[PDB]
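# Structural characterization, general
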Amino acid sequence: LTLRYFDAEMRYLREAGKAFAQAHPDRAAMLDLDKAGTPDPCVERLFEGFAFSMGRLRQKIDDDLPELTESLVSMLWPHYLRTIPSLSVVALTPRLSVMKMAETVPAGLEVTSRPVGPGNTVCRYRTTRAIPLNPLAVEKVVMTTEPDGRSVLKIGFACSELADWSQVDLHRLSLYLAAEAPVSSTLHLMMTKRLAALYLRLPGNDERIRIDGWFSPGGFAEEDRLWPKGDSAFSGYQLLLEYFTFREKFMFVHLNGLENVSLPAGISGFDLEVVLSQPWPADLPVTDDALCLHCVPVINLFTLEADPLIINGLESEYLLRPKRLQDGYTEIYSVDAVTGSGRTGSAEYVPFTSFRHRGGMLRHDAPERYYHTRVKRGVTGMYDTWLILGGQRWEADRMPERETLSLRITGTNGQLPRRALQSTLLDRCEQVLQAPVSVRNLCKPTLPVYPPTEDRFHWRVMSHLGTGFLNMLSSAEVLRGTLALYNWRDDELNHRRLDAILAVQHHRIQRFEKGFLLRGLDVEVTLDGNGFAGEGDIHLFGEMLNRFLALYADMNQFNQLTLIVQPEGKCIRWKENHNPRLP
Amino acid sequence: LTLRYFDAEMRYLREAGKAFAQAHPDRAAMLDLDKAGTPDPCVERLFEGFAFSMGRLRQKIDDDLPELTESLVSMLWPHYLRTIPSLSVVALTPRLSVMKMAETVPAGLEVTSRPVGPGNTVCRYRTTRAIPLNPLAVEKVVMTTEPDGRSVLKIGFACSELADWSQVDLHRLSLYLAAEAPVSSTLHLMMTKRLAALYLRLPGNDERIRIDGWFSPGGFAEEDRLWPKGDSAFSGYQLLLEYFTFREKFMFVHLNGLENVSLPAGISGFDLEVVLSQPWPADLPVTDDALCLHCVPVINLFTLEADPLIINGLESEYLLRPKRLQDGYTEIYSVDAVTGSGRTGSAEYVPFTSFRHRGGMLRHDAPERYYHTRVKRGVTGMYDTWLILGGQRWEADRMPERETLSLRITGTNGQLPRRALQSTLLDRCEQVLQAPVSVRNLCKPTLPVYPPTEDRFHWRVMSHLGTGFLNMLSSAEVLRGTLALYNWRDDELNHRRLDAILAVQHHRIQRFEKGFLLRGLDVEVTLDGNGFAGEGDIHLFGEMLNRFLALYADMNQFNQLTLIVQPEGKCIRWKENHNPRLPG
Amino acid sequence: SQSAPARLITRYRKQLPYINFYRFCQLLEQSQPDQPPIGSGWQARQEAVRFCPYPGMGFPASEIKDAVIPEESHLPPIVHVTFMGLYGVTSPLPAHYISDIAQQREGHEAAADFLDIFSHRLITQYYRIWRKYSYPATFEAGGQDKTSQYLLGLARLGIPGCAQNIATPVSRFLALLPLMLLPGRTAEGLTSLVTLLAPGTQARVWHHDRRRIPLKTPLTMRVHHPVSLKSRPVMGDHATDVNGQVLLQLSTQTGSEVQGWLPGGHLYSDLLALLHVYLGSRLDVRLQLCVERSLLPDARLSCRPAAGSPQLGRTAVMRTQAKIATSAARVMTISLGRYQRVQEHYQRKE
Amino acid sequence: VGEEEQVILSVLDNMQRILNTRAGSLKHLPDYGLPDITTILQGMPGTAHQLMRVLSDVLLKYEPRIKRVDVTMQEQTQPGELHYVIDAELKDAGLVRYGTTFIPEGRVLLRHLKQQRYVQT
């Protein structure tokens with residue numbers, strides 16, 4: 001804390017003076033002050049405050065030494081991660097007068113025009129990649145066991161008699177699992193039961209709908225500590241991290257073309273018999289809130305573009321703007337990213353490229369009107385940052401006559417806890433919402449969250465990490481690291497998750513046409529924190545794509561994970577992960 | 001100066017006034033600054049400007065060590081805070097009358113020198129580099145045009161013991177010549193294309209050898225431009241041009257033939273040596289630019305000497321200038337060796353990088369030893385003047401004025417006028433050397449290369465070189481991960497030579513002699529770009545001969561080098577006899 | 001301590017007019033280093049430290065020539081260099097504190113002790129910057145792999161947290177630091193690995209060997225009818241794998257080093273410095289020495305039987321001079337196995 | 001009025017120090033002090049007016065403890081030679097918590113200090 005080193009010196013000065021005014025010869029005069037009693041604003045406020053600045057800044061810098069060369073994760077660039085907004089939950093969307101319709105929803109929907117707070121305002125914020133929807137939603141989600149005792153589920157008989165489903169193309173209609181996954185085996189079973197599906201049999205008696213192309217279900221994106229583990233497993237994110245939720249890979253969930261052997265009036269069956277060989281526990285209940293039709297995520301990303309009041313002098317302007325220096329934006333709101341500018345004098349002066357674009361030696365082989373961004377922090381008390389930034393050759397030419405430089409500025413806002421939002425739809429698309437759309441706000445949003453910069457270890461321990469350096473690893477080296485480094489909402493639940501791990505060791509695979517110095521490792525552990533065979537596969541699944549990545553600087557490296565499920569269990573997954581050549 | 005001092009004070013004044021006061025309402029529940037008002041005495045006015053004036057100089061000292069520890073820790077992997085001396089090729093000629101067993105013993109030599117500037121003279125480092133023999137002769141050769149583009153030399157001499165002296169070291173007399181830029185490199189390009197040398201004999205004086213059982217090739221390159229980068233992919237213990245120079249390490253094509261001369265009898269040597277495969281191009285002058293014995297270029301090294309001075313307190317800094325440094329010697333070299341006369345240990349000194357761990361962990365019989373300097377400036381007229389500081393638990397307590405102290409150091413000289421001269425005076429190399437010599441300053445001495453990396457933003461890339469992985473993928477790397485070591489000289493010739501297009505990676509399997517599967521890779525570099533240099537045929541040849549030796553990147557790899565030009569006619573491969581014993 | 005003036009200023013009080021403070025305060029911490037009064041914890045507890053009588057001098061750096069250390073009031077620092085030392089000192093005293101001292105009189109001599117409370121704690125950390133915090137060149141900090149300098153400027157090779165299974169603990173970076181940095185490399189560094197660890201010892205590396213058995217569970221020298229395929233495998237029952245079991249020989253002359261390369265001496269040093277430091281799971285390293293006639297014991301009891309396999313060295317009973325030979329083998333630096341078994345379950349349908 | 005005496009003494013000491021420091025003299029703070037050129041003493045420019053303002057400004061900047069302030073200069077032309085003294089009368093109020101003055105009510109105490117100015121030869 002800033003108050004931490006403050007509280008050091010507030011102890012320090014008094015423990016100095018208690019040894020002084022007691023017997024030491026400044027009690028020739030100040031003992032006459034402290035016997036009469038001097039907790040003075042004359043002396044004790046100002047002089048303590050005078051020592052407090054030097055006990056803050058120089059003390060805080062020399063305690064940690066945040067050196068300049070720690071700014072080279074910038075050229076590695078996952079590091080936009082250092083300001084993650086509030087995970088606004090997946091939002092919801094009803095029917096709008098179902099009659100021969102097919103919805104088509106572009107992204108960028110601002111929502112929640114209602115939730116102002118006490119010292120808090122209304123937060124507008126965006127969705128990510130909104131989806132054209134299809135008007136139907138079955139309203140009864142029932143576990144039903146067979147005469148052969150197998151718990152099955154319900155049919156698609158919602159809105160088939162109203163609309164032109166010969167005009168509406170049904171391929172890959174997702175559904176993220178609803179609020180029964182708070183029973184935290186529901187998403188575990190119901191996903192891993194769909195690791196073992198069987199076909200379907202539906203009675204509808206409506207000759208309207210004969211499709212194929214079964215979808216991806218989901219509901220992973222509730223979680224956000226498992227999520228950064230799957231983030232840096234695709235170093236390759238370099239542009240897709242820029243709105244940063246990356247719903248492009250969808251956190252792989254498949255069921256193939258699932259064949260309806262559909263049946264006449266009365267006859268049915270929706271089996272998943274291989275996992276459904278072991279049906280639900282008695283403490284696994286059913287609830288009609290596995291209602292999942294239009295679950296679309298939003299994040300807390302607000303937009304604006306402030307006034308171009310630039311430039312005169314040198315690069316030291318850092319964009320404190322009255323849209324943000326607006327008071328309800330002063331107190332809480334901040335800036336996330338700065339994109340796309342440099343349109344003054346001509347149309348092409350200093351575009352926002354060269355801050356990152358140059359990544360090597362031929363700097364004198366570079367045309368003019370180039371750029372760099374530097375950053376800072378901001379005000380004591382918040383996570384504020386400020387951005388001294390400038391050109392590359394025209395400031396070396398020193399003409400401040402460049403004025404009409406544009407601005408593309410995105411940002412978000414802080415708050416105080418104990419919030420509970422007010423769900424509404426803020427804006428409606430044109431000619432598409434035949435009727436409007438309600439917003440249900442499926443769960444509670446999370447907080448802002450920030451990376452641990454609080455340790456020269458836990459800063460430089462990633463600066464090692466992204467290499468082909470794995471040559472010997474054991475279970476102490478993994479549970480300690482850097483799985484903790486992907487955990488910034490650090491819960492006791494999480495603490496029960498990470499601390500399962502016990503034993504890691506290596507051996508060497510030698511199947512061949514030709515030689516094949518290969519290998520493959522083994523770990524899996526206790527059955528409690530990450531104990532459901534759903535999450536025992538799911539939290540596993542985030543791990544494997546990490547483990548494939550760091551594979552080799554020489555082709556003699558080859559990984560396959562077998563994994564001992566419980567102390568009584570067995571599992572292998574992988575297929576041998578042959579990377580193409582990586583020197 | 002006082003501006004950013006005052007900027008520090010006025011930053012801090014507004015900071016402690018509002019940002020450090022008003023941003024703490026919970027400690028505005030414990031300390032007020034505003035509503036209490038000013039005190040009656042002049043007590044606020046002194047102490048703000050006192051405490052902040054302290055943080056002024058503390059700011060300023062904080063604005064030093066990022067220029068220092070960054071400059072020092074980035075001297076541990078790389079070794080590029082140095083400079084380079086100047087150099088030019090040496091040529092020597094002994095007396096031909098003293099040829100009788102004229103076995104060259106190149107142990108102790110000198111250089112020859114010249115008055116320059118304010119009467120300053122030179123003491124370049126001599127070569128102690130191996131020369132087995134002086135020759136018999138080189139003659140005034142004529143590039144003798146033939147039905148197959150051939151063009152011959154002539155050598156030969158006889159006053160001596162040639163049944164016995166040539167019986168010493170004809171054998172692997174891997175002995176070259178040197179010539180100019182379109183000229184010699186052309187002959188390299190034909191050294192990869194030599195035909196049988198069917199008439200293989202030197203003319204004139206084979207009265208006294210009479211036996212040709214030994215065959216001796218040649219090979220040489222311009223050892224100034226390219227060769228730093230080839231002399232830059234190595235370990236951390238070697239001298240810059242004192243390791244690589246005198247060591248026979250270079251990639252020289254010493255192509256050696258075996259053919260018996262076909263000649264009429266009574267011809268003491270037939271005058272064809274030069275059977276080839278290509279038309280020798282015209283517009284090229286012919287001459288005797290072909291020197292048999294001429295030693296390598298060599299640089300300045302003095303042997304600087306001074307007095308050891310021992311003071312407790314001197315170990316913190318002392319920054320000594322020796323005697324003849326004050327006499328106009330404008331430069332030293334780094335510290336070479338320290339010894340002396342101690343009390344318990346008579347002399348114990350270990351360089352700080354190779355510290356063999358009393359303070360480390362090996363902890364057996366290799367004591368506390370410091371040996372460490374800087375080159376830090378503050379110099380009235382130069383940019384480097386510093387002498388060492390090394391001190392640990394030795395005996396400066398009871399012997400404050402005595403310790404093991406005796407040194408070794410060499411040097412050069414920097415501040416000099418731009419004069420390209422002759423190495424004329426101090427011809428006294430000849431003192432071992434029972435035959436006196438001749439001395440030819442052969443080419444131009446260069447300039448000392450001390451514009452290193454200048455700004456800090458490039459050392460960021462120099463630190464990027466590790467974790468940003470090997471420049472052997474996509475050729476944006478080999479553009480970028482190419483050093484500016486060539487750009488230290490900044491030949492725009494070389495700046496045009498860095499027009500390199502996408503390297504393409506592959507791999508393969510080669511079968512061995514004894515029938516085994518061996519790993520191979522395949523780079524596919526594309527040049528693309530004409531007007532690469534003067535001649536593509538010269539330069540790509542002499543350039544691949546460089547770049548293939550800089551392909552030490554693993555241990556069980558059969559190599560791969562296939563140069564592909566722009567589709568302008570051809571594609572040039574490279575492979576060697578990479579064996580379970582040795583690479584080719 | 002009592003001992004620190006008793007070592008320094010009572011004994012070696014001849015360089016105090018010409019002493020470097022940066023030298024001085026270093027030798028202070030070398031004087032009591034075991035449980036030092038660690039100056040980093042100055043931010044609450046200068047009480048019960050008893051530091052040096054530096055403050056009140058008003059000096060710039062290494063200007064300390066004044067040296068007065070009492071013994072009686074449980075604190076050394078009582079120094080007020082009067083009328084000199086105006087280190088940032090600008091103006092007269094304010095009104096209420098002159099009235100507290102009455103009237104800028106000889107009572108200021110008992111007030112400068114309070115007044116120098118700041119300049120006490122400041123020149124602490126000013127020194128701390130200069131010597132330990134951000135200067136020290138990893139040469140003043142000079143630790144035993146404890147200094148934050150070492151942990152910063154060593155972890156770029158990539159060893160944080162990995163203190164598991166390192167018997168001789170991580171200190172031998174000092175040669176290996178540039179050579180462990182070029183990736184996928186190399187052959188040369190193993191010679192340096194020898195040259196550091198023992199002088200006078202010379203070595204050469206051969207790139208490939210005739211490695212043999214690995215015995216394969218299908219024998220397949222009978223043909224199939226149903227599934228008979230050809231393309232690569234031409235062999236009998238044992239195979240040779242060349243491919244990365246490189247080979248080293250050594251050259252010494254001194255029997256100390258020879259018995260320094262017994263199993264027992266420095267042989268375990270290279271065995272550590274490979275298998276967790278530089279190679280890991282890339283290769284396997286086969287070892288050998290070639291030396292003279294014999295340096296050999298007898299066949300007696302419990303435990304020194306094996307110089308690897310070979311045992312000779314009493315057949316020479318007769319000859320007055322010798323010959324060289326090759327010594328022995330040492331095994332590959334290996335890490336392998338099979339763990340046991342076969343599996344039950346599967347990955348994913350996509 | 002012991003507290004008032006302490007405040008007047010403090011102000012007198014502060015005033016004396018600032019008067020002594022000639023405006024430019026202090027390198028660290030060039031602003032500190034009052035401009036009191038010998039020329040002003042030599043001859044009277046209506047100096048009382050300007051001198052009053054200069055003093056007032058310096059006091060406001062330099063001593064925040066003072067609240068109510070009134071400065072009056074009486075120029076004595078009568079003095080000559082190294083003299084031509086200026087009488088500075090400073091009326092003062094203390095902002096301080098005691099604040100015993102005219103504007104800080106405190107106890108009502110208008111403290112005052114009188115000084116004579118001289119010239120340097």
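Use the structure listed above.
In short, a report on the structure. Sequence-order numbering is used: residues on each chain count from 1 as written, possibly diverging from the entry numbering, and only residues with coordinates are shown. To label them, take the chains in the order written and letter them from A, then take the ligands in the order written and number them from 1. Excluding hydrogens and water, the side-chain values take into account all heavy atoms of the structure. Residues with missing side-chain atoms are left out of burial classes, side-chain pairs and their counts.

The next thing to look at is the sheet that holds strand 6 (residues 517–526) of chain B. All names here are of chain B. Ordered by their spatial adjacency, 4 strands build an open sheet running 5-6-7-8, and the pairing between neighbours is mixed. Among the strands making up the open sheet, the edge pair consists of strand 5 (504–511) and strand 8 (571–573). Averaged over neighbouring strand pairs, the angle between their axes works out to 20 degrees when direction is ignored. Pairs of strands are assigned from DSSP output, requiring at least two bridges between the strands. By definition, any uninterrupted DSSP run of H or I lasting at least four residues is a helix, any uninterrupted run of E lasting at least two residues is a strand, and each is numbered from the N terminus. Relative to strand 7 (residues 562–564), strand 6 runs parallel, the two being bridged by 2 bridges. By the bridge assignment for strand 7, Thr526 is matched with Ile564. Every axis in this analysis is a line fitted to C-alpha atoms, fitted for helices over the stretch in contact. Angles between the N-to-C directions lie between 0 and 180 degrees.

Residue and element names in this part refer to chain D. The term salt bridge refers to a side-chain nitrogen of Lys or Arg lying within 4 Å of a carboxyl oxygen of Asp or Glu. All told, the structure shown has 38 salt bridges over all chains when counted by the stated rule. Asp57 is the salt-bridge partner of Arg53, the closest N and O atoms lying 3.8 Å from each other. Of this pair, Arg53 and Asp57 both sit in helix 3 (residues 47–62), 4 residues apart, which is roughly one turn of that helix. Here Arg65 and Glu63 are joined by a salt bridge, their closest N and O atoms 2.9 Å apart. Owing to a relative accessible area of 3%, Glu63 belongs among the buried residues under this scheme. Remark: exposure states derive from per-residue accessible area (1.4 Å probe, protein chains only) relative to the maximum for the residue type, with buried under 20%, exposed over 50%, and partly exposed in between.

Moving on to the sheet that holds strand 1 (residues 66–75) of chain D. Residues and elements named next belong to chain D. Strand order in the open sheet formed by 3 strands is 1-2-3, with antiparallel pairing between adjacent strands. Two strands lie at the open edges of the sheet, namely strand 1 and strand 3 (111–117), each paired on one side alone. On average, each strand axis in the sheet is tilted by 15 degrees relative to the strand beside it, whichever way the strands run. Of the strand pairs in this sheet, strand 1 and strand 2 (residues 86–94) are connected by 8 bridges, and their pairing is antiparallel. Each bridged residue has a counterpart across the sheet, and for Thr72 the counterpart in strand 2 is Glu89. The strands touched by helix 1 (residues 2–20) are strand 2 and strand 3; relative to strand 3, the strand with the most contacts, the crossing angle is about 30 degrees. The contact rule is simple, with two residues in contact once any of their heavy atoms fall within 4.5 Å. Packed onto the sheet, helix 3 meets strand 1 and strand 2 and runs at close to 155 degrees relative to strand 1.

Glancing now at the environment of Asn577 of chain A. Residues and elements named next belong to chain A. Checked against the element boundaries, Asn577 lands in the segment after helix 12 (535–549). In the structure, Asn577 is positioned 29 residues away from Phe548 in sequence and 6.4 Å away in space, judged by C-alpha atoms. Filtering out sequence-adjacent residues up to four positions away, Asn577 remains in contact with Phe548, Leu551, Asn559 and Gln560. Within the structure, the side chain of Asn577 is placed 2.3 Å from the backbone oxygen of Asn559, a separation counted as a polar contact. Polar contacts, as counted here, are pairs of nitrogen or oxygen atoms within 3.5 Å of one another; within protein the pair requires one atom able to donate a hydrogen and one able to accept it, and residues that are adjacent in sequence qualify only if both atoms are side-chain atoms.

Right, let's talk about helix 7 (residues 456–467) of chain B for a bit. Within an α-helix, residues lying three or four positions from one another point in the same direction, as the helix has 3.6 residues per turn. When helix 7 of chain B is considered as a whole, its buried residues turn out to be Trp459, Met462 and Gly466 of chain B. Viewed along the axis of helix 7 of chain B, the buried residues span an arc of 65 degrees, placing them on a single side of the element. For this quantity, the arc is that covered by the directions from the helix axis to the C-beta atoms.

Time to look at helix 10 (residues 267–278) of chain C. All names here are of chain C. What a helix is expected to span follows from its residue count: subtract one and scale by 1.5 Å. Helix length check: helix 10 (12 residues) gives 16 Å between terminal C-alpha atoms against 16 Å at 1.5 Å per residue, within 8%. The set of residues buried in helix 10 consists of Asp270, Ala273, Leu274, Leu275 and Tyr278. On its buried face, helix 10 sits against helix 7 (173–179) and helix 8 (189–197). Backbone geometry just downstream of helix 10 places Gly280 in the positive-phi region, at approximately 70 degrees.

The next point concerns the side chain of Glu48 of chain A. Here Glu48 of chain A lies in helix 3 (residues 41–54). The exposure class of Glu48 of chain A is buried, given its relative accessible area of 15%.

The next thing to look at is the interface of chain C and chain B. With 58 residues of chain C in contact, the opposing surface of chain B contributes 56 residues. Reported buried area values correspond to the accessible surface (1.4 Å probe) lost by two parts on association, with both partners' losses combined. Buried area between chain C and chain B, summed over both chains or domains, comes out near 5700 Å², and the portion from carbon and sulfur atoms is 62%. Summed over the shared surface of chain C and chain B, the result is 1 salt bridge. Linking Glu315 of chain B and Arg23 of chain C is a salt bridge whose minimum nitrogen-to-oxygen distance equals 2.4 Å. In this structure, the connection of chain C to chain B is made through 13 residue pairs in polar contact. Listed by contribution, the elements that provide at least two residues to the side of chain C that touches chain B are helix 2 (21–31), helix 3 (95–101), helix 5 (117–133), helix 7 and strand 1 (202–206) of chain C. No other element matches helix 7 of chain C, which puts 5 residues into the side of chain C that touches chain B. Charged means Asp, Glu, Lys or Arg here, nonpolar means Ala, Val, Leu, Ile, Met, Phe, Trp, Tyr, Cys or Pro, and polar covers whatever is left, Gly included. Tallied by class, residues from the side of chain C that touches chain B come to 29 nonpolar, 21 polar and 8 charged.

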